[PDB]
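Notes follow the structure.
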Amino acid sequence: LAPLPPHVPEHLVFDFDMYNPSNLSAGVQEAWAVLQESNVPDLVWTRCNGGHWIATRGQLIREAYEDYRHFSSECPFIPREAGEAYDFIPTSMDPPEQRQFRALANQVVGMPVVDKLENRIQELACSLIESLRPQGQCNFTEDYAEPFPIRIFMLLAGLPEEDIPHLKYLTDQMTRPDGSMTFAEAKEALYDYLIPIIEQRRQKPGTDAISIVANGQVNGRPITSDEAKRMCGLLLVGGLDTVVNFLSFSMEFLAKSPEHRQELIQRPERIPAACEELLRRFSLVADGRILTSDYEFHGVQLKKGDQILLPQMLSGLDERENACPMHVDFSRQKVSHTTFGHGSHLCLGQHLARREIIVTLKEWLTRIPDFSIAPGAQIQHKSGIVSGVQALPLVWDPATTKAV
Ligand code: HEM
Ligand SMILES: CC1(C)[C@@H]2CC[C@@]1(C)C(=O)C2
Ligand SMILES: [K+]
């Protein structure tokens, strides 16, 4: 708890801690939605994590993500020193300047590249699921959620699988620090890892993601080694944490909900619609922006330099955006969310994520149609810049499964 700044009023203080929320034991999204109770203002100030604003409603979150003249991406993380050290590209930049770099990032993770990776993403998911199928049980986080997305990103990036444990450790410190590393120390470690590779790939350009970034042009002039490093690093973080945690949330839910399992087994063409409704319900990111000047937003005076968390998770959980928001409805008519962000920084890896998510649902449900949480397990969630699931022990009877 940091001492309250002169310009912030007493009645908007809502001491929420985003790395360790109060009702976390009930589920991390539920823990965040305490911010949407009837008794909580649209925009509150928490004194936790150095102090910062928290917009709690989707109307405010979208407007702040659209207004980059006031809410800048230059310091997008909380606590302030992580936000200051944060210099990844394209995310730490605002438009107009941001735009050249994003186009280049889009060339290595976009839709055309999801199309090239189609065969491998399918192969690997079938493969891992087939391997687990006869055991009748798995540790989902470790046995699928991590290895499926991660090995596809290491593949794209042309990096050896033996590097996963180091890299995933650093990525987790940047999003759910355990205390052992500052955001800045984690980031430097990641750049240290990428420096030589970028240089090798500048000499002998290849087909992999690092080569493509590193030998790229940003609106016609050559990227520097420095800028390639700051783009590559973002890419690794993006490919090593969000899909991984997202898959666990979705599989935890299906494990507790036989009727939803039955719906996709009966009607698999509903899987894309169900993925979007799961991305709404089990949204997991929350980063934010910094004020470029004094500004009055929805009746609250914001001070130049003030940080504001704009939880991308909160927009589709808001009852004002979706009726009965904690309810999963695959037939939901207008699935509204900001799970993949909003404004000029819209997730560039969202096509790759949706493909991994849909392939996982289809291929898991095809081979292991029936499965549940292990008896006696209480699933724990974790909060931070990206929220996630600590471990997910699943069981099933092999006699009900099929090799495909
Ligand atoms: C469920 C999975 C994912 C979710 C929920 C998600 C969400 C987001 C969000 C909320 C942002 C914007 C943050 C901000 O405005 O500060 C973002 C940006 C971005 N994401 Fe994702 N993401 C996911 C997967 C991925 C993947 C798999 C990649 C591939 C490496 C990726 C790469 C990026 C990049 C490069 C940006 C930066 C866009 C810019 O700053 O212009 N993401 N993502
Ligand atoms: C908030 C994010 C998901 C988005 C991509 C990776 C991430 C952690 C950032 O650093 C940008
Ligand atoms: K910064």
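By order of appearance in the structure tokens: chains A, B, ..., then residues from 1 within every chain, and ligands from 1 in the order shown.
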
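Residues of protein or nucleic acid lying within 9 Å of ligand 3, counting only C-alpha atoms and all ligand atoms, are residues 73, 74, 75, 76, 77, 81, 82, 83, 84, 85, 86, 87, 88, 92 and 93 of chain A.
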
Let me see if you get this right: every residue at most 6 Å from ligand 1, counting only C-alpha atoms and all ligand atoms, written as a tab-separated table (two decimals) with N, CA, C and O atoms, in the first residue's frame.
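Contents of the output file pocket-v6.tsv:
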```
chain	number	residue	atom	x	y	z
A	90	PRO	N	6.16	-4.04	-30.63
A	90	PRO	CA	5.60	-2.77	-30.96
A	90	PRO	C	4.89	-2.12	-29.76
A	90	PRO	O	4.48	-0.96	-29.78
A	91	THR	N	4.71	-2.89	-28.71
A	91	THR	CA	3.81	-2.58	-27.59
A	91	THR	C	4.21	-1.36	-26.76
A	91	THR	O	3.30	-0.72	-26.22
A	102	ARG	N	4.77	-2.88	-36.30
A	102	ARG	CA	3.68	-3.82	-36.15
A	102	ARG	C	3.47	-4.59	-37.42
A	102	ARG	O	3.12	-5.77	-37.43
A	109	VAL	N	3.83	-13.53	-37.40
A	109	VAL	CA	2.86	-14.24	-36.58
A	109	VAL	C	1.45	-14.19	-37.16
A	109	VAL	O	0.55	-14.82	-36.63
A	235	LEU	N	7.81	-11.22	-28.92
A	235	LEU	CA	7.31	-12.40	-29.63
A	235	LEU	C	7.42	-13.63	-28.77
A	235	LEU	O	6.46	-14.39	-28.64
A	236	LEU	N	8.54	-13.89	-28.13
A	236	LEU	CA	8.76	-15.01	-27.22
A	236	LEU	C	7.80	-14.94	-26.04
A	236	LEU	O	7.12	-15.91	-25.73
A	238	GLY	N	4.88	-13.44	-25.83
A	238	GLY	CA	3.58	-13.58	-26.43
A	238	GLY	C	3.34	-15.05	-26.79
A	238	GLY	O	2.21	-15.51	-26.62
A	239	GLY	N	4.33	-15.73	-27.31
A	239	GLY	CA	4.14	-17.13	-27.66
A	239	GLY	C	4.30	-18.10	-26.51
A	239	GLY	O	3.84	-19.24	-26.64
A	242	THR	N	0.32	-16.70	-22.79
A	242	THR	CA	-1.09	-16.50	-22.94
A	242	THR	C	-1.83	-17.73	-23.45
A	242	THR	O	-2.70	-18.21	-22.70
A	243	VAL	N	-1.46	-18.23	-24.63
A	243	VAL	CA	-2.19	-19.45	-25.09
A	243	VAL	C	-2.06	-20.54	-24.03
A	243	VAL	O	-3.01	-21.21	-23.66
A	246	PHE	N	-4.35	-19.95	-21.22
A	246	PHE	CA	-5.72	-19.89	-21.70
A	246	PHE	C	-6.26	-21.31	-21.90
A	246	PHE	O	-7.44	-21.59	-21.61
A	285	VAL	N	-5.75	-11.34	-19.62
A	285	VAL	CA	-4.69	-10.34	-19.64
A	285	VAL	C	-5.18	-9.04	-18.97
A	285	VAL	O	-6.35	-8.74	-19.13
A	287	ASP	N	-3.08	-5.34	-18.84
A	287	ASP	CA	-1.92	-4.44	-18.78
A	287	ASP	C	-2.55	-3.03	-18.76
A	287	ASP	O	-3.74	-2.94	-18.38
A	312	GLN	N	-7.99	-6.02	-19.80
A	312	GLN	CA	-8.64	-6.52	-21.00
A	312	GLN	C	-9.58	-7.67	-20.59
A	312	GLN	O	-10.64	-7.75	-21.22
A	339	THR	N	-10.67	-9.41	-25.23
A	339	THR	CA	-9.64	-10.32	-24.75
A	339	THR	C	-8.30	-10.21	-25.47
A	339	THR	O	-7.25	-10.40	-24.83
A	340	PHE	N	-8.35	-9.82	-26.73
A	340	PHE	CA	-7.17	-9.72	-27.55
A	340	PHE	C	-6.76	-8.24	-27.66
A	340	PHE	O	-6.04	-7.84	-28.57
A	341	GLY	N	-7.20	-7.44	-26.70
A	341	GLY	CA	-6.87	-6.02	-26.59
A	341	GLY	C	-7.87	-5.19	-27.33
A	341	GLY	O	-8.95	-5.72	-27.67
A	345	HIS	N	-3.20	-1.54	-30.59
A	345	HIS	CA	-2.30	-2.68	-30.28
A	345	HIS	C	-3.03	-4.02	-30.35
A	345	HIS	O	-2.55	-4.98	-29.69
A	346	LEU	N	-4.14	-4.12	-31.06
A	346	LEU	CA	-4.84	-5.42	-31.15
A	346	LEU	C	-3.88	-6.60	-31.35
A	346	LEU	O	-3.14	-6.57	-32.34
A	347	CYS	N	-3.94	-7.63	-30.52
A	347	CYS	CA	-3.10	-8.83	-30.54
A	347	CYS	C	-2.74	-9.24	-31.93
A	347	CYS	O	-3.65	-9.49	-32.72
A	348	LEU	N	-1.48	-9.37	-32.27
A	348	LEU	CA	-1.09	-9.83	-33.59
A	348	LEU	C	-1.10	-11.38	-33.60
A	348	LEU	O	-1.28	-11.88	-34.68
A	349	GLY	N	-1.03	-11.99	-32.44
A	349	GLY	CA	-0.99	-13.45	-32.41
A	349	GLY	C	-2.38	-14.06	-32.23
A	349	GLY	O	-2.50	-15.25	-31.95
A	350	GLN	N	-3.45	-13.26	-32.39
A	350	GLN	CA	-4.81	-13.76	-32.16
A	350	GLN	C	-5.21	-14.81	-33.22
A	350	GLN	O	-5.98	-15.72	-32.80
A	352	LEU	N	-3.19	-17.14	-34.60
A	352	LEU	CA	-2.45	-18.28	-34.15
A	352	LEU	C	-3.13	-18.79	-32.88
A	352	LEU	O	-3.32	-20.02	-32.79
A	353	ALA	N	-3.47	-17.89	-31.92
A	353	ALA	CA	-4.13	-18.44	-30.73
A	353	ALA	C	-5.44	-19.17	-31.02
A	353	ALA	O	-5.68	-20.29	-30.53
```

Selection: 9 Å around residue 361 in chain A, only C-alpha atoms, excl. self and same-chain fewer than 5 positions, as a compact mmCIF listing (two decimals) with N, CA and C atoms, in the first residue's frame:
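Here's the written file selection_32.txt:
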```
# COMPACT_ATOMS: atom_id res chain seq x y z
N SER A 250 -9.82 -23.15 -20.15
CA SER A 250 -10.85 -23.67 -21.01
C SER A 250 -11.06 -25.18 -20.72
N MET A 251 -10.00 -25.91 -20.53
CA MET A 251 -10.04 -27.33 -20.27
C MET A 251 -10.50 -27.59 -18.83
N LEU A 264 -20.13 -29.75 -27.86
CA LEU A 264 -19.14 -29.72 -28.97
C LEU A 264 -18.89 -31.05 -29.61
N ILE A 271 -17.37 -25.32 -32.65
CA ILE A 271 -16.14 -25.11 -31.91
C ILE A 271 -15.58 -23.71 -32.05
N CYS A 275 -15.06 -21.28 -28.89
CA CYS A 275 -13.70 -20.73 -28.55
C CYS A 275 -13.91 -19.23 -28.25
N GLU A 356 -4.83 -22.56 -32.41
CA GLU A 356 -4.39 -23.54 -31.40
C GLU A 356 -5.56 -23.96 -30.52
N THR A 366 -12.32 -35.29 -29.80
CA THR A 366 -12.33 -36.42 -30.73
C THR A 366 -11.75 -37.67 -30.09
```

Min atom-atom distance to residue 335 in chain A from the set A:395, A:273, A:379, A:385, counting only C-alpha atoms, belongs to A:273

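For range 191-205 of chain A, the list of residues within 9 Å, based on only C-alpha atoms and with local chain neighbours fewer than 5 positions off taken out, reads residues 167, 186, 210, 211, 212, 213, 214, 215, 225, 226, 228, 229, 230, 232 and 233 of chain A.
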
Could you save the residues just selected, with N, CA and C atoms, as a short mmCIF file (atom, residue, chain, number, x, y, z; two decimals), in the first residue's frame?
```cif
data_model
loop_
_atom_site.label_atom_id
_atom_site.label_comp_id
_atom_site.auth_asym_id
_atom_site.auth_seq_id
_atom_site.Cartn_x
_atom_site.Cartn_y
_atom_site.Cartn_z
N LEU A 167 13.67 -20.07 -21.00
CA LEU A 167 12.82 -19.08 -21.59
C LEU A 167 11.46 -18.96 -20.96
N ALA A 186 14.48 -9.90 -15.79
CA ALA A 186 13.96 -10.96 -16.66
C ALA A 186 14.12 -10.58 -18.10
N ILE A 210 12.95 -15.27 -36.06
CA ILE A 210 14.07 -14.40 -35.70
C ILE A 210 14.76 -13.84 -36.95
N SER A 211 15.10 -14.61 -37.97
CA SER A 211 15.66 -14.14 -39.21
C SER A 211 14.81 -13.12 -39.92
N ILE A 212 13.51 -13.44 -39.99
CA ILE A 212 12.59 -12.57 -40.68
C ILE A 212 12.51 -11.18 -39.93
N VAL A 213 12.48 -11.23 -38.63
CA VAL A 213 12.41 -9.92 -37.93
C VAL A 213 13.71 -9.17 -38.16
N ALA A 214 14.80 -9.81 -37.79
CA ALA A 214 16.16 -9.31 -37.78
C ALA A 214 16.67 -8.81 -39.12
N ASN A 215 16.22 -9.31 -40.25
CA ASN A 215 16.60 -8.82 -41.56
C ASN A 215 15.48 -8.01 -42.19
N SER A 225 19.85 -4.00 -35.08
CA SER A 225 19.93 -5.17 -34.18
C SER A 225 19.12 -4.92 -32.91
N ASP A 226 19.16 -3.69 -32.38
CA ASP A 226 18.49 -3.32 -31.16
C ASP A 226 16.96 -3.45 -31.23
N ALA A 228 15.45 -5.23 -33.43
CA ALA A 228 15.07 -6.64 -33.70
C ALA A 228 14.98 -7.41 -32.41
N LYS A 229 15.90 -7.06 -31.50
CA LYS A 229 15.95 -7.66 -30.19
C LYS A 229 14.71 -7.32 -29.40
N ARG A 230 14.27 -6.06 -29.48
CA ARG A 230 13.11 -5.65 -28.69
C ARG A 230 11.81 -6.17 -29.33
N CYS A 232 11.85 -9.25 -31.02
CA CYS A 232 11.89 -10.71 -30.88
C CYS A 232 11.42 -11.13 -29.50
N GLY A 233 11.88 -10.36 -28.51
CA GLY A 233 11.59 -10.59 -27.11
C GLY A 233 10.12 -10.57 -26.79
#
```

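Minimum atom-to-atom distances from A:161, A:208, A:17, A:185 to residue 46 in chain A were compared using only C-alpha atoms, and the lowest value belongs to A:17.
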
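Across A:390, A:171, A:378, A:20, the tightest approach to ligand 2 is made by A:171 when counting only C-alpha atoms and all ligand atoms.
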
Write down as a PyMOL selection string the residues of range 172-230 of chain A whose backbone DSSP state falls under strand (DSSP E or B). chain A and resi 217-218+221-222

Include N, CA and C atoms and write out the residues we just selected as a PDB file, in the first residue's frame.
```pdb
ATOM      1  N   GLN A 217      12.636  -4.865 -42.786  1.00  0.00           N
ATOM      2  CA  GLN A 217      12.630  -3.436 -43.060  1.00  0.00           C
ATOM      3  C   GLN A 217      11.386  -2.866 -42.402  1.00  0.00           C
ATOM      4  N   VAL A 218      11.577  -1.671 -41.806  1.00  0.00           N
ATOM      5  CA  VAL A 218      10.473  -0.985 -41.142  1.00  0.00           C
ATOM      6  C   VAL A 218      10.147   0.224 -42.033  1.00  0.00           C
ATOM      7  N   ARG A 221      13.381   0.890 -44.419  1.00  0.00           N
ATOM      8  CA  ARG A 221      14.788   1.044 -44.024  1.00  0.00           C
ATOM      9  C   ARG A 221      15.017  -0.186 -43.101  1.00  0.00           C
ATOM     10  N   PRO A 222      16.246  -0.577 -43.011  1.00  0.00           N
ATOM     11  CA  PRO A 222      16.615  -1.779 -42.284  1.00  0.00           C
ATOM     12  C   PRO A 222      16.463  -1.654 -40.792  1.00  0.00           C
TER      13      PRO A 222
END
```

* To do: Could you give me, as a PyMOL selection string, the residues within 12 Å of range 151-154 of chain A, counting only C-alpha atoms and dropping anything in the same chain fewer than 3 positions from it?
  => chain A and resi 108-109+113-114+116-125+128+143-148+157-165+167-168+208-210+232+235-241+243-244+349+352-353+355-356

Just-selected residues, N, CA and C atoms written as a short mmCIF file (atom, residue, chain, number, x, y, z; two decimals), in the first residue's frame:
```cif
data_model
loop_
_atom_site.label_atom_id
_atom_site.label_comp_id
_atom_site.auth_asym_id
_atom_site.auth_seq_id
_atom_site.Cartn_x
_atom_site.Cartn_y
_atom_site.Cartn_z
N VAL A 108 5.40 -12.15 -39.25
CA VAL A 108 5.89 -13.39 -38.71
C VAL A 108 4.92 -14.17 -37.83
N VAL A 109 3.83 -13.53 -37.40
CA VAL A 109 2.86 -14.24 -36.58
C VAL A 109 1.45 -14.19 -37.16
N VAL A 113 1.05 -16.86 -41.91
CA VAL A 113 1.94 -17.80 -41.21
C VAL A 113 1.14 -18.84 -40.41
N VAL A 114 -0.03 -18.48 -39.87
CA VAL A 114 -0.84 -19.56 -39.23
C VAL A 114 -1.14 -20.59 -40.33
N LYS A 116 0.73 -21.49 -42.93
CA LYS A 116 1.86 -22.36 -43.13
C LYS A 116 2.02 -23.38 -41.99
N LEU A 117 1.73 -22.99 -40.76
CA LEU A 117 1.89 -23.82 -39.60
C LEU A 117 0.69 -24.79 -39.34
N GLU A 118 -0.33 -24.75 -40.14
CA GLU A 118 -1.53 -25.50 -40.07
C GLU A 118 -1.26 -26.99 -39.84
N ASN A 119 -0.49 -27.59 -40.75
CA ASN A 119 -0.14 -28.97 -40.64
C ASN A 119 0.58 -29.27 -39.35
N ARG A 120 1.67 -28.60 -38.97
CA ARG A 120 2.33 -28.91 -37.72
C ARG A 120 1.48 -28.70 -36.47
N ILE A 121 0.66 -27.63 -36.47
CA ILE A 121 -0.13 -27.41 -35.24
C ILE A 121 -1.08 -28.60 -35.04
N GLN A 122 -1.77 -29.03 -36.08
CA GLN A 122 -2.64 -30.21 -36.09
C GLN A 122 -1.92 -31.46 -35.69
N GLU A 123 -0.75 -31.73 -36.29
CA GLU A 123 0.04 -32.92 -36.01
C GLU A 123 0.41 -33.04 -34.56
N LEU A 124 1.03 -31.96 -34.05
CA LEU A 124 1.47 -31.94 -32.66
C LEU A 124 0.31 -32.12 -31.64
N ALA A 125 -0.80 -31.44 -31.84
CA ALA A 125 -1.93 -31.63 -30.91
C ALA A 125 -2.45 -33.09 -30.91
N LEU A 128 0.35 -35.28 -29.11
CA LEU A 128 0.43 -35.21 -27.66
C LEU A 128 -0.83 -35.88 -27.07
N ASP A 143 1.57 -31.27 -19.26
CA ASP A 143 1.55 -32.31 -20.33
C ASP A 143 1.02 -31.88 -21.68
N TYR A 144 0.27 -30.77 -21.79
CA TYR A 144 -0.28 -30.29 -23.01
C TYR A 144 -0.25 -28.76 -23.14
N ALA A 145 -0.81 -28.05 -22.15
CA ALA A 145 -0.96 -26.61 -22.23
C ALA A 145 0.46 -25.96 -22.52
N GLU A 146 1.46 -26.42 -21.81
CA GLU A 146 2.77 -25.81 -22.05
C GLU A 146 3.39 -26.26 -23.36
N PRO A 147 3.60 -27.56 -23.51
CA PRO A 147 4.28 -28.09 -24.67
C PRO A 147 3.59 -27.83 -25.98
N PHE A 148 2.26 -27.82 -26.13
CA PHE A 148 1.65 -27.62 -27.43
C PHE A 148 1.93 -26.26 -28.06
N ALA A 157 10.15 -19.97 -34.53
CA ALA A 157 11.27 -19.15 -34.12
C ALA A 157 12.61 -19.87 -34.40
N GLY A 158 12.54 -21.13 -34.71
CA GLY A 158 13.75 -21.90 -35.01
C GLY A 158 14.65 -21.97 -33.82
N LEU A 159 14.11 -22.29 -32.63
CA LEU A 159 14.91 -22.40 -31.42
C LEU A 159 14.82 -23.80 -30.83
N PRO A 160 15.87 -24.30 -30.23
CA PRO A 160 15.89 -25.67 -29.74
C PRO A 160 14.99 -25.88 -28.55
N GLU A 161 14.24 -27.00 -28.48
CA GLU A 161 13.38 -27.29 -27.37
C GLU A 161 14.02 -27.36 -26.02
N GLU A 162 15.30 -27.60 -25.93
CA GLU A 162 16.05 -27.64 -24.68
C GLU A 162 16.14 -26.24 -24.04
N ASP A 163 15.87 -25.20 -24.84
CA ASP A 163 15.83 -23.85 -24.27
C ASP A 163 14.53 -23.49 -23.62
N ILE A 164 13.45 -24.29 -23.80
CA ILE A 164 12.15 -23.97 -23.22
C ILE A 164 12.16 -23.65 -21.76
N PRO A 165 12.73 -24.49 -20.90
CA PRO A 165 12.70 -24.24 -19.48
C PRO A 165 13.34 -22.88 -19.12
N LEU A 167 13.67 -20.07 -21.00
CA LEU A 167 12.82 -19.08 -21.59
C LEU A 167 11.46 -18.96 -20.96
N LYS A 168 10.82 -20.09 -20.63
CA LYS A 168 9.51 -20.03 -19.98
C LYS A 168 9.66 -19.49 -18.56
N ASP A 208 13.00 -18.68 -40.46
CA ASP A 208 12.46 -18.61 -39.12
C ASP A 208 12.09 -17.19 -38.67
N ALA A 209 11.36 -17.18 -37.55
CA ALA A 209 10.83 -15.85 -37.11
C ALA A 209 11.91 -14.85 -36.76
N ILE A 210 12.95 -15.27 -36.06
CA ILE A 210 14.07 -14.40 -35.70
C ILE A 210 14.76 -13.84 -36.95
N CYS A 232 11.85 -9.25 -31.02
CA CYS A 232 11.89 -10.71 -30.88
C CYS A 232 11.42 -11.13 -29.50
N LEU A 235 7.81 -11.22 -28.92
CA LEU A 235 7.31 -12.40 -29.63
C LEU A 235 7.42 -13.63 -28.77
N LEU A 236 8.54 -13.89 -28.13
CA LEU A 236 8.76 -15.01 -27.22
C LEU A 236 7.80 -14.94 -26.04
N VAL A 237 7.68 -13.78 -25.41
CA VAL A 237 6.73 -13.66 -24.29
C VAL A 237 5.30 -13.99 -24.72
N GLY A 238 4.88 -13.44 -25.83
CA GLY A 238 3.58 -13.58 -26.43
C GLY A 238 3.34 -15.05 -26.79
N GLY A 239 4.33 -15.73 -27.31
CA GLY A 239 4.14 -17.13 -27.66
C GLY A 239 4.30 -18.10 -26.51
N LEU A 240 4.85 -17.75 -25.36
CA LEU A 240 5.10 -18.62 -24.25
C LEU A 240 4.19 -18.51 -23.03
N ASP A 241 3.23 -17.60 -23.00
CA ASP A 241 2.41 -17.50 -21.79
C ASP A 241 0.91 -17.45 -21.93
N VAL A 243 -1.46 -18.23 -24.63
CA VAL A 243 -2.19 -19.45 -25.09
C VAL A 243 -2.06 -20.54 -24.03
N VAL A 244 -0.87 -20.72 -23.52
CA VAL A 244 -0.59 -21.76 -22.53
C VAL A 244 -1.55 -21.70 -21.37
N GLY A 349 -1.03 -11.99 -32.44
CA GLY A 349 -0.99 -13.45 -32.41
C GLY A 349 -2.38 -14.06 -32.23
N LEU A 352 -3.19 -17.14 -34.60
CA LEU A 352 -2.45 -18.28 -34.15
C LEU A 352 -3.13 -18.79 -32.88
N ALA A 353 -3.47 -17.89 -31.92
CA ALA A 353 -4.13 -18.44 -30.73
C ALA A 353 -5.44 -19.17 -31.02
N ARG A 355 -6.42 -20.58 -33.70
CA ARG A 355 -6.19 -21.86 -34.35
C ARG A 355 -5.74 -22.92 -33.34
N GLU A 356 -4.83 -22.56 -32.41
CA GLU A 356 -4.39 -23.54 -31.40
C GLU A 356 -5.56 -23.96 -30.52
#
```

List the neighbours of residue 135 in chain A out to 12 Å using only C-alpha atoms; skip same-chain residues closer than 4 positions along the sequence, and give me the result as a short mmCIF file (atom, residue, chain, number, x, y, z; two decimals) with N, CA, C and O atoms, in the first residue's frame.
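Listed below is the output, selection28.cif:
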```cif
data_model
loop_
_atom_site.label_atom_id
_atom_site.label_comp_id
_atom_site.auth_asym_id
_atom_site.auth_seq_id
_atom_site.Cartn_x
_atom_site.Cartn_y
_atom_site.Cartn_z
N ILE A 129 -2.00 -35.60 -27.62
CA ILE A 129 -3.26 -36.17 -27.07
C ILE A 129 -3.31 -37.68 -27.18
O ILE A 129 -3.58 -38.37 -26.19
N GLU A 130 -2.85 -38.18 -28.32
CA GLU A 130 -2.71 -39.66 -28.51
C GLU A 130 -1.81 -40.28 -27.48
O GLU A 130 -2.03 -41.33 -26.86
N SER A 131 -0.73 -39.58 -27.12
CA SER A 131 0.22 -40.07 -26.19
C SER A 131 -0.40 -40.15 -24.80
O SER A 131 -0.12 -41.06 -24.04
N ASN A 139 -1.34 -34.33 -16.23
CA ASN A 139 -1.17 -33.04 -15.50
C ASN A 139 -1.27 -32.08 -16.69
O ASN A 139 -0.31 -31.73 -17.38
N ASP A 143 1.57 -31.27 -19.26
CA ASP A 143 1.55 -32.31 -20.33
C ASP A 143 1.02 -31.88 -21.68
O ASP A 143 1.26 -32.48 -22.73
N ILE A 368 -10.64 -38.01 -26.48
CA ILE A 368 -10.97 -38.07 -25.07
C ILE A 368 -12.21 -37.24 -24.81
O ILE A 368 -12.20 -36.09 -24.29
N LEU A 394 -6.28 -34.00 -14.51
CA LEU A 394 -7.44 -34.51 -15.19
C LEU A 394 -7.37 -36.06 -15.19
O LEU A 394 -6.29 -36.68 -15.21
N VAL A 395 -8.57 -36.60 -15.13
CA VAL A 395 -8.64 -38.09 -15.26
C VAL A 395 -9.70 -38.49 -16.27
O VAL A 395 -10.64 -37.74 -16.52
N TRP A 396 -9.64 -39.72 -16.79
CA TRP A 396 -10.73 -40.21 -17.68
C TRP A 396 -10.60 -41.74 -17.75
O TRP A 396 -9.54 -42.26 -17.40
N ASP A 397 -11.65 -42.41 -18.25
CA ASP A 397 -11.55 -43.87 -18.37
C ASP A 397 -11.09 -44.15 -19.80
O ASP A 397 -11.73 -43.75 -20.72
N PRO A 398 -9.98 -44.79 -19.99
CA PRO A 398 -9.47 -45.06 -21.35
C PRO A 398 -10.40 -45.83 -22.23
O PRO A 398 -10.43 -45.74 -23.51
N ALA A 399 -11.30 -46.60 -21.56
CA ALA A 399 -12.22 -47.44 -22.35
C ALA A 399 -13.19 -46.60 -23.17
O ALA A 399 -13.82 -47.06 -24.14
N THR A 401 -12.29 -43.80 -24.71
CA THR A 401 -11.55 -42.97 -25.64
C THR A 401 -11.38 -43.66 -27.01
O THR A 401 -11.78 -44.79 -27.25
#
```

Query raised in the report: Near residue 176 in chain A, within 7 Å and counting only C-alpha atoms, which residues show up once chain neighbours fewer than 3 positions away are dropped, as a count of residues only?
Result: 6

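Nearest-residue note for residue 245 in chain A: choosing from A:64, A:189, A:389, A:373, the minimum distance belongs to A:389, counting only C-alpha atoms.
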
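Here CA of residue 51 in chain A and atom 4 (C, counted along the ligand's line) of ligand 2 stand 21.4 Å from one another.
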
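Considering the residues A:29, A:266, A:207, A:387 and counting only C-alpha atoms, residue 316 in chain A has its shortest atom-to-atom contact with A:29.
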
Query - range 106-341 of chain A: residues DSSP assigns to helix (DSSP H, G or I), reported as number ranges by chain - result: A: 106-109, 111-135, 140-145, 147-156, 161-175, 183-203, 209-214, 225-240, 242-256, 258-266, 268-281, 312-315

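Restricting the calculation to only C-alpha atoms, the smallest distance between residue 69 in chain A and any of A:323, A:314, A:291, A:8 is found for A:291.
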